[PDB]
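Contents: one structure, followed by commentary.
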Amino acid sequence: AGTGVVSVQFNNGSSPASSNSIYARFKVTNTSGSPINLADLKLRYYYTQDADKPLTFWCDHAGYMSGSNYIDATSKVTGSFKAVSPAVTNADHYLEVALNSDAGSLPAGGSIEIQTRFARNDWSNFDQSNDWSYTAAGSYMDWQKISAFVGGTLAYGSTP
Ligand SMILES: [Ca+2]
Ligand SMILES: [Zn+2]
Ligand SMILES: [Zn+2]
């Protein structure tokens with residue numbers, strides 16, 4: 001039921017099922033026929049918490065081409081962790097990646113790369129094997145288990 005305003009690829013550097021870091025990297029492509037305000041772009045990654053501990057979010061790198069100038073939006077990305085009510089199998093929470101009001105505009109046919117990760121404050125191990133959006137992907141690939149919303153409506157992927 002995705003609008004196809006954007007296409008999205010994913011990879012997590014093929015992280016181990018048991019890991020103290022969850023990686024989530026997206027290559028988002030504007031396939032609608034007009035600029036898109038990065039402010040309107042949300043990305044979601046569904047998982048099972050396994051333990052209720054404080055998490056820390058990191059955006060390692062984010063950037064895109066605007067005309068012929070390369071724009072580094074790394075510092076403009078934010079991450080949020082919210083519950084999935086009601087909880088479904090392999091999904092009781094989800095990471096929501098967003099960008100600040102002035103991130104910029106993604107030009108028609110343009111691409112933005114967003115590399116993120118998160119971990120518990122105590123670095124204990126997660127069990128990614130019971131995470132809905134999890135799959136060991138070492139290179140970008142079309143993975144339909146993550147979602148992208150534009151302006152509040154699903155544009156790519158699915159939700160549990
Ligand atoms: Ca889990
Ligand atoms: Zn919480
Ligand atoms: Zn919670």
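Ordered as shown in the structure tokens, chains take letters A, B, and onward, while each chain numbers its residues from 1 and ligands are numbered from 1 in the order shown.
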Residues contacting ligand 3 - anything with an atom at most 12 Å away, using only C-alpha atoms and all ligand atoms - can you give me those as an NGL selection string? :A and (47-55 or 80-87 or 91-95)
Write a file of the selected residues as a compact mmCIF listing (two decimals), in the first residue's frame, keeping N, CA, C and O atoms.
# COMPACT_ATOMS: atom_id res chain seq x y z
N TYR A 47 11.75 -3.90 15.73
CA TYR A 47 12.52 -4.91 16.46
C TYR A 47 11.91 -5.32 17.78
O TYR A 47 10.92 -4.73 18.23
N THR A 48 12.51 -6.34 18.40
CA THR A 48 12.08 -6.78 19.72
C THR A 48 13.15 -6.31 20.69
O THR A 48 14.33 -6.59 20.54
N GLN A 49 12.71 -5.54 21.66
CA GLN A 49 13.56 -4.94 22.67
C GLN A 49 14.43 -5.93 23.47
O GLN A 49 15.57 -5.64 23.80
N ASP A 50 13.88 -7.10 23.75
CA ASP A 50 14.54 -8.15 24.54
C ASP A 50 14.74 -7.70 26.02
O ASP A 50 14.58 -8.50 26.92
N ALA A 51 15.09 -6.45 26.25
CA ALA A 51 15.23 -5.92 27.62
C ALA A 51 14.84 -4.43 27.57
O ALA A 51 15.01 -3.77 26.55
N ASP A 52 14.33 -3.92 28.67
CA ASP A 52 13.93 -2.54 28.73
C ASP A 52 15.08 -1.67 29.26
O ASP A 52 15.15 -1.35 30.44
N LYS A 53 15.99 -1.29 28.37
CA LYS A 53 17.14 -0.48 28.77
C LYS A 53 17.27 0.79 27.93
O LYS A 53 16.83 0.84 26.79
N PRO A 54 17.89 1.83 28.49
CA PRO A 54 18.09 3.11 27.80
C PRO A 54 18.93 2.83 26.54
O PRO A 54 19.90 2.09 26.61
N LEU A 55 18.54 3.42 25.41
CA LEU A 55 19.24 3.24 24.15
C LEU A 55 19.92 4.53 23.71
O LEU A 55 19.53 5.62 24.11
N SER A 80 14.36 8.10 17.13
CA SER A 80 13.41 7.97 18.24
C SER A 80 13.00 6.53 18.40
O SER A 80 12.92 5.80 17.43
N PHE A 81 12.71 6.14 19.63
CA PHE A 81 12.30 4.78 19.91
C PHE A 81 10.91 4.75 20.54
O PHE A 81 10.68 5.25 21.64
N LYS A 82 9.97 4.15 19.82
CA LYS A 82 8.59 4.13 20.31
C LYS A 82 8.01 2.72 20.35
O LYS A 82 8.46 1.86 19.63
N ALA A 83 7.02 2.51 21.20
CA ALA A 83 6.42 1.19 21.30
C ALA A 83 5.44 0.90 20.17
O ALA A 83 4.91 1.81 19.51
N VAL A 84 5.23 -0.39 19.93
CA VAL A 84 4.30 -0.85 18.92
C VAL A 84 3.17 -1.42 19.76
O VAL A 84 3.31 -2.46 20.39
N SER A 85 2.05 -0.71 19.79
CA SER A 85 0.88 -1.15 20.57
C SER A 85 -0.25 -1.37 19.56
O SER A 85 -0.59 -0.46 18.81
N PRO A 86 -0.79 -2.59 19.49
CA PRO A 86 -0.36 -3.72 20.33
C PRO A 86 0.87 -4.39 19.72
O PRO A 86 1.09 -4.31 18.51
N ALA A 87 1.66 -5.04 20.56
CA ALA A 87 2.88 -5.74 20.12
C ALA A 87 2.53 -6.89 19.19
O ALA A 87 1.56 -7.59 19.45
N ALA A 91 8.05 -7.83 16.95
CA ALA A 91 8.03 -6.39 16.87
C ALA A 91 7.30 -5.72 18.04
O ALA A 91 6.07 -5.62 18.01
N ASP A 92 8.02 -5.28 19.07
CA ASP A 92 7.38 -4.57 20.16
C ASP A 92 7.80 -3.09 20.23
O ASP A 92 7.23 -2.33 21.01
N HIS A 93 8.78 -2.70 19.42
CA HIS A 93 9.21 -1.30 19.36
C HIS A 93 9.74 -0.99 17.97
O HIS A 93 9.94 -1.88 17.15
N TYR A 94 10.00 0.28 17.70
CA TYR A 94 10.53 0.61 16.41
C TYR A 94 11.36 1.86 16.44
O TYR A 94 11.09 2.79 17.18
N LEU A 95 12.42 1.86 15.65
CA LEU A 95 13.27 3.03 15.54
C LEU A 95 12.60 3.92 14.51
O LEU A 95 12.09 3.43 13.52
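Look at residue 140 of chain A: the protein and nucleic acid residues within 12 Å of it, using only C-alpha atoms and passing over chain neighbours fewer than 3 places away, are residues 8, 9, 10, 11, 12, 13, 14, 24, 25, 26, 27, 28, 113, 114, 115, 135, 136, 137 and 143 of chain A.
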DSSP helix (DSSP H, G or I) residues within chain A, listed as a count of residues only: 9
Which residue out of A:59, A:98, A:119, A:71 has the minimum interatomic distance to residue 22 of chain A when only C-alpha atoms are used?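 Using only C-alpha atoms, residue 22 of chain A sits closest to A:119.
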Shell of 9 Å around residue 56 of chain A, only C-alpha atoms, local chain residues under 4 positions omitted, as an NGL selection string: :A and (79 or 117-121)
Selection above as a file: C-alpha atoms, as a JSON list (two decimals), in the first residue's frame:
[["chain", "number", "residue", "atom", "x", "y", "z"],
["A", 79, "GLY", "CA", 16.35, 8.89, 16.00],
["A", 117, "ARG", "CA", 23.14, 2.68, 14.59],
["A", 118, "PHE", "CA", 21.94, 2.32, 18.13],
["A", 119, "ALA", "CA", 22.94, 0.39, 21.26],
["A", 120, "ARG", "CA", 22.10, 0.04, 24.91],
["A", 121, "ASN", "CA", 23.89, 2.32, 27.32]]
List every residue of chain A that DSSP, applied to the backbone of this structure, places in strand (DSSP E or B), and write the result as a PyMOL selection string. chain A and resi 6-11+18-19+22-30+36-37+41-47+55-66+69-72+77-88+91-99+105-106+111-120+126-127+141+147-150+153-157
Those residues with C-alpha atoms, as a PDB file, in the first residue's frame please?
ATOM      1  CA  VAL A   6      10.477   7.046  -3.044  1.00  0.00           C
ATOM      2  CA  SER A   7      12.388   3.807  -3.468  1.00  0.00           C
ATOM      3  CA  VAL A   8      14.533   2.504  -0.585  1.00  0.00           C
ATOM      4  CA  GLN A   9      17.546   0.226  -0.191  1.00  0.00           C
ATOM      5  CA  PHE A  10      18.918  -1.187   3.030  1.00  0.00           C
ATOM      6  CA  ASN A  11      22.037  -2.826   4.557  1.00  0.00           C
ATOM      7  CA  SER A  18      23.741 -11.502  18.604  1.00  0.00           C
ATOM      8  CA  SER A  19      25.178  -7.975  18.684  1.00  0.00           C
ATOM      9  CA  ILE A  22      21.968  -2.558  15.654  1.00  0.00           C
ATOM     10  CA  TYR A  23      22.929  -0.959  12.351  1.00  0.00           C
ATOM     11  CA  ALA A  24      20.364   0.488   9.943  1.00  0.00           C
ATOM     12  CA  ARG A  25      21.513   2.143   6.709  1.00  0.00           C
ATOM     13  CA  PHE A  26      19.229   3.477   4.024  1.00  0.00           C
ATOM     14  CA  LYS A  27      19.678   4.762   0.500  1.00  0.00           C
ATOM     15  CA  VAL A  28      16.460   6.656  -0.237  1.00  0.00           C
ATOM     16  CA  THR A  29      15.651   7.631  -3.825  1.00  0.00           C
ATOM     17  CA  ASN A  30      13.168  10.323  -4.800  1.00  0.00           C
ATOM     18  CA  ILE A  36      10.829  16.320  -1.457  1.00  0.00           C
ATOM     19  CA  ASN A  37      11.317  18.073   1.800  1.00  0.00           C
ATOM     20  CA  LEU A  41      10.668  11.873   5.317  1.00  0.00           C
ATOM     21  CA  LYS A  42      10.422   9.317   8.150  1.00  0.00           C
ATOM     22  CA  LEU A  43      12.046   5.884   8.215  1.00  0.00           C
ATOM     23  CA  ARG A  44      11.148   3.000  10.534  1.00  0.00           C
ATOM     24  CA  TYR A  45      12.980  -0.140  11.732  1.00  0.00           C
ATOM     25  CA  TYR A  46      10.996  -2.702  13.724  1.00  0.00           C
ATOM     26  CA  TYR A  47      12.518  -4.905  16.458  1.00  0.00           C
ATOM     27  CA  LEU A  55      19.245   3.238  24.150  1.00  0.00           C
ATOM     28  CA  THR A  56      21.640   5.584  22.385  1.00  0.00           C
ATOM     29  CA  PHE A  57      21.134   6.594  18.769  1.00  0.00           C
ATOM     30  CA  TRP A  58      23.939   7.571  16.339  1.00  0.00           C
ATOM     31  CA  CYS A  59      23.901   8.833  12.734  1.00  0.00           C
ATOM     32  CA  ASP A  60      27.361   7.961  11.416  1.00  0.00           C
ATOM     33  CA  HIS A  61      26.844   9.719   8.085  1.00  0.00           C
ATOM     34  CA  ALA A  62      24.101  11.254   5.984  1.00  0.00           C
ATOM     35  CA  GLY A  63      24.413  13.122   2.730  1.00  0.00           C
ATOM     36  CA  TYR A  64      23.130  13.989  -0.728  1.00  0.00           C
ATOM     37  CA  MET A  65      23.647  15.902  -3.961  1.00  0.00           C
ATOM     38  CA  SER A  66      21.776  19.151  -4.528  1.00  0.00           C
ATOM     39  CA  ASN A  69      27.014  20.696  -4.431  1.00  0.00           C
ATOM     40  CA  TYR A  70      27.424  17.756  -1.989  1.00  0.00           C
ATOM     41  CA  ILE A  71      25.372  18.285   1.189  1.00  0.00           C
ATOM     42  CA  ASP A  72      26.369  16.599   4.456  1.00  0.00           C
ATOM     43  CA  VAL A  77      19.326  13.287  11.540  1.00  0.00           C
ATOM     44  CA  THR A  78      17.482  12.259  14.689  1.00  0.00           C
ATOM     45  CA  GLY A  79      16.351   8.890  16.002  1.00  0.00           C
ATOM     46  CA  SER A  80      13.412   7.973  18.236  1.00  0.00           C
ATOM     47  CA  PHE A  81      12.304   4.779  19.913  1.00  0.00           C
ATOM     48  CA  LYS A  82       8.588   4.129  20.306  1.00  0.00           C
ATOM     49  CA  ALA A  83       6.417   1.193  21.300  1.00  0.00           C
ATOM     50  CA  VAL A  84       4.299  -0.845  18.916  1.00  0.00           C
ATOM     51  CA  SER A  85       0.876  -1.146  20.572  1.00  0.00           C
ATOM     52  CA  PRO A  86      -0.365  -3.724  20.329  1.00  0.00           C
ATOM     53  CA  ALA A  87       2.876  -5.738  20.121  1.00  0.00           C
ATOM     54  CA  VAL A  88       3.071  -8.204  17.209  1.00  0.00           C
ATOM     55  CA  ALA A  91       8.032  -6.387  16.869  1.00  0.00           C
ATOM     56  CA  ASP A  92       7.379  -4.571  20.162  1.00  0.00           C
ATOM     57  CA  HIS A  93       9.213  -1.300  19.360  1.00  0.00           C
ATOM     58  CA  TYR A  94      10.527   0.609  16.407  1.00  0.00           C
ATOM     59  CA  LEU A  95      13.269   3.028  15.538  1.00  0.00           C
ATOM     60  CA  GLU A  96      12.036   6.127  13.758  1.00  0.00           C
ATOM     61  CA  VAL A  97      14.609   8.081  11.799  1.00  0.00           C
ATOM     62  CA  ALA A  98      13.759  11.689  10.952  1.00  0.00           C
ATOM     63  CA  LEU A  99      15.524  14.832   9.747  1.00  0.00           C
ATOM     64  CA  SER A 105      15.108  19.248  -0.214  1.00  0.00           C
ATOM     65  CA  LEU A 106      15.842  16.051  -2.085  1.00  0.00           C
ATOM     66  CA  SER A 111      19.337  10.011  -3.421  1.00  0.00           C
ATOM     67  CA  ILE A 112      20.069  10.451   0.256  1.00  0.00           C
ATOM     68  CA  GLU A 113      22.236   7.972   2.173  1.00  0.00           C
ATOM     69  CA  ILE A 114      21.562   7.668   5.896  1.00  0.00           C
ATOM     70  CA  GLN A 115      23.775   5.478   8.100  1.00  0.00           C
ATOM     71  CA  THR A 116      22.616   4.903  11.611  1.00  0.00           C
ATOM     72  CA  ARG A 117      23.140   2.680  14.592  1.00  0.00           C
ATOM     73  CA  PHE A 118      21.942   2.323  18.133  1.00  0.00           C
ATOM     74  CA  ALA A 119      22.943   0.395  21.256  1.00  0.00           C
ATOM     75  CA  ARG A 120      22.095   0.045  24.913  1.00  0.00           C
ATOM     76  CA  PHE A 126      20.500  -7.713  21.596  1.00  0.00           C
ATOM     77  CA  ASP A 127      19.060 -10.790  19.902  1.00  0.00           C
ATOM     78  CA  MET A 141      19.417  -4.373  -1.234  1.00  0.00           C
ATOM     79  CA  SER A 147       9.284   1.480   6.045  1.00  0.00           C
ATOM     80  CA  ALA A 148       9.480   4.955   4.669  1.00  0.00           C
ATOM     81  CA  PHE A 149       6.757   7.556   5.178  1.00  0.00           C
ATOM     82  CA  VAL A 150       6.429  10.782   3.280  1.00  0.00           C
ATOM     83  CA  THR A 153       1.708   8.243   4.499  1.00  0.00           C
ATOM     84  CA  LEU A 154       3.517   5.006   3.558  1.00  0.00           C
ATOM     85  CA  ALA A 155       5.637   5.460   0.450  1.00  0.00           C
ATOM     86  CA  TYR A 156       7.730   2.251   0.541  1.00  0.00           C
ATOM     87  CA  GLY A 157       7.784  -1.083   2.369  1.00  0.00           C
TER      88      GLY A 157
END
Please compute the atom CA of residue 90 of chain A-atom 1 (Ca, counted along the ligand's line) of ligand 1 distance, one decimal, in Å.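 We find that atom CA of residue 90 of chain A and atom 1 (Ca, counted along the ligand's line) of ligand 1 lie 7.2 Å from each other.
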Among listed residues A:128, A:5, A:73, A:34, nearest residue 107 of chain A (using only C-alpha atoms):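 When distances to residue 107 of chain A are compared using only C-alpha atoms, the smallest one comes from A:34.
If you measure from each of A:159, A:144, A:31, A:20 to ligand 1 using only C-alpha atoms and all ligand atoms, the closest one turns out to be A:20.
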Of A:68, A:3, A:158, A:89, the one nearest to residue 129 of chain A when counting only C-alpha atoms is A:89
